[PDB]
């Protein structure tokens, strides 16, 4: 018990959102379709409630209320994402620049600043242009790099006078693993035997190609930022990565080496190229010629290409050793030879949230942060996402739905765990809660609510503060 005053001076507290999950106005103000527009409309069976982001939380119209809601809590900063196809309706410069899209984000930024809230902007939060998907399969083509670079530069030119904090990509792990290994997220590609039962793809090659291309697009974009923009705009640029914490299934050395392989595959996949200039050893060994290779020039470009690392933490998994399968079912999912579970001998690692993958384990938050400290030279970190969900329940009266004690408990323990890690030397500068509002939770649609504020989808998307909102107001005092 635990308040802002417990944290170092200058420490930043905020909330996070993303364009597709919040904005709505999908076909409004000249916005082009993204792969998630396509994905939700053509494959509604892949969304738990067959829903889409057409309206979402209507932030495109209601963003002033959002800023008001953050301000009432005393938030320092807002993490949001720009929709690529709101700026470049068909992905590329030559396809035309959408003026009305630029106006919207200017309005959002100006509104935030008029109320003392600093904007942290994610360039890519999965809403990849459909036109570039159709043209060359999006991130499976090296052509994506320049189109991304051109998109990024328009953001630097239009917004960089006021925006001082930039994130290139959000959770490339999630994007690549779910989009191309399991095919459960857009663009919904995978091997036929894999979970998404996709019509096209290869779970053993495509995840790696996609993410390789994201890393190159990231590095190119950082380089560009530092070369042309950083001198006069004096902002910072980084990237947001997820990691679970991995507890060895038992005390055996092989289970310990599995947990190490799990983290190498989920997290080191991006961290090692960024810190050491190449993919993890276990990745190059186990994946072989299915993993692309950096040229010497590419390695130089990727190494050290960041001002900070955004870190997302939600849960822990047990990690157990797995024999090679051995043969013709190569998938990124199994490539690690680590079997991931949240339950061990019928005992869940922590209480299970509404998301079936989300188990409450505050300990691992600290563990992850210290792992980063000890193994990656303690880089500047912001916690770009942390949070939990409850079910969307149409039978509960409104006032019962606002009582999110489980969320308060989640934040209480995780903030304590974050504090202890900081006190033990973790180079952490800020913290963003996922998320400000209930929103479109991807393949879970609206069946699940992550918000500190309730959104009534059946009453014009009206916002209501949950109990946790009040809790954060207290916490954020002075």
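Numbering follows the first chain given and starts at 1.
The mean Cα B-factor in the deposited entry runs higher for 346-354 than for the other of 221-229 and 346-354. The mean C-alpha temperature factor is higher for 196-204 when 196-204 and 168-176 are set side by side. Taking only the listed residues 181, 259, 388, 381, the entry reports the highest CA temperature factor at 259. Set against one another, the Cα B-factors of 107, 240, 114, 250 in the record reach their highest point at 250. Per-chain ranking of the deposited C-alpha B factor places residue 121 in the lowest third. The deposited CA B-factor of residue 274 belongs to the highest third of values across its chain. In the PDB entry, a CA B factor belonging to the middle third of its chain's modelled residues is recorded for residue 48.
Annotation for residue 438: C-alpha temperature factor in the lowest third relative to the rest of the modelled chain, per the entry. Residue-level temperature factors show residue 307 in the middle third of its chain, judged at the C-alpha atom.
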